[PDB]
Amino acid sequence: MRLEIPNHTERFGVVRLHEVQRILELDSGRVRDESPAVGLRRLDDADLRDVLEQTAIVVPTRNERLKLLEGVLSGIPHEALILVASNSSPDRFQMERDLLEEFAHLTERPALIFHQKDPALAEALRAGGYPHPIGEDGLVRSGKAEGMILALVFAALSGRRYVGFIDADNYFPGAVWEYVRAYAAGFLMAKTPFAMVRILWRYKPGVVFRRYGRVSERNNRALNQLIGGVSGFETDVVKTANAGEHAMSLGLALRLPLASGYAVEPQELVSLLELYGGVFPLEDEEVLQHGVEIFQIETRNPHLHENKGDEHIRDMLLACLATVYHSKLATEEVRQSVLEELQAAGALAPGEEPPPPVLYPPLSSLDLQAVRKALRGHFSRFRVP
């Protein structure tokens, strides 16, 4: 894989937020006597795989066609561990388990699968002193976030260094291969234990392709405005406010609180800034000397995700602007810019005070020993030989 080097890179405390990098070549081949370029990076097959050998790929699903999910699976590079994080209907979940098993079996690779609403996991969490995801029903709430949270836990338990997420509503397995390799590419270019990689795909000049465009644009702005509010300079750096397909080294993943809804992606960035932007004093000694790199990689393969959702669009916007409005870094100027976008579209007339998004605190607080203690008689269930 050959990417561009980011021409500029926003600095913000110890966070280093790189400008978008285009991928020029999907597959760079095998390094020998190559002539060094200063404007782009070639990443060697070998090293990409070695990185993927330490990488967990979470595939979250809630009643997604089986064909699709199989498609996605066949597309994940061999070296990565697969975790299906399911929340499907009980029937479908079984079908998913059998699907994974055929797959892991035939391709001689380890995987894990689990279900969001599994009581075993709920007590596991709670024993490890992490009761926050559980609901009135005594089970973990439905929500992609809560699924990811549990996937993070497995990632942690399985000793993988990096976690990446790939959505299962992906028609193109070849795409998935790229996104996953691009994660590994990010982590290679990184020179910090604490790295994040976010995939985007921009569309350059309708119903779906048109008016979702102008919302990510707005969403992206509100992040840049948030940064601007602090540095005292405008910036156009953030282009991945929502980035479903994103990855992070586990060391950083466990450090970040997560939000509940569509708010999840945007929050991560806000969190990073609040935590490591040098404004509030910084506790974490190992981050203060290594810093955080954030990569934004522009993929060669389009994001084609099936749907039939309109009111997901409104919400997406709403959630992003919420996380910014309620940031401890939001200057008075930003807060109002944001509130005006909201009202002037769809949310509370007078009279707006957009719900503060609700935040699970970092997993760094979950005693992993307790969890290991608590699922001993079960780990062979989640595990798919």
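In case it trips you up, residue 1 is the first one in the sequence shown, and so on.
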Per the entry, how many deposited residues between residue 205 and residue 206 lack coordinates? The answer is 4 to 9
Would you tell me which stretch averages the higher CA B-factor in the PDB entry, 169 to 177 or 307 to 315? 307 to 315
Averaging C-alpha B-factors over each stretch, which comes out higher, 106 to 114 or 298 to 306? 298 to 306
Which one of 73, 288, 148, 81 shows the biggest C-alpha B-factor in the PDB entry? 148
Please place residue 139 in the lowest, middle or highest third of its chain by C-alpha B factor as given in the entry. highest
Residue 2: CA B-factor among chain residues, third -> lowest
Sorting by Cα B-factor within the chain, modelled residues only, which third would residue 217 end up in: lowest, middle or highest? highest
Hey, what third does residue 25 fall into on Cα B-factor, ranked over its chain? lowest
By the record's CA B-factor, is residue 293 among the lowest, middle or highest third of residues in the chain? lowest
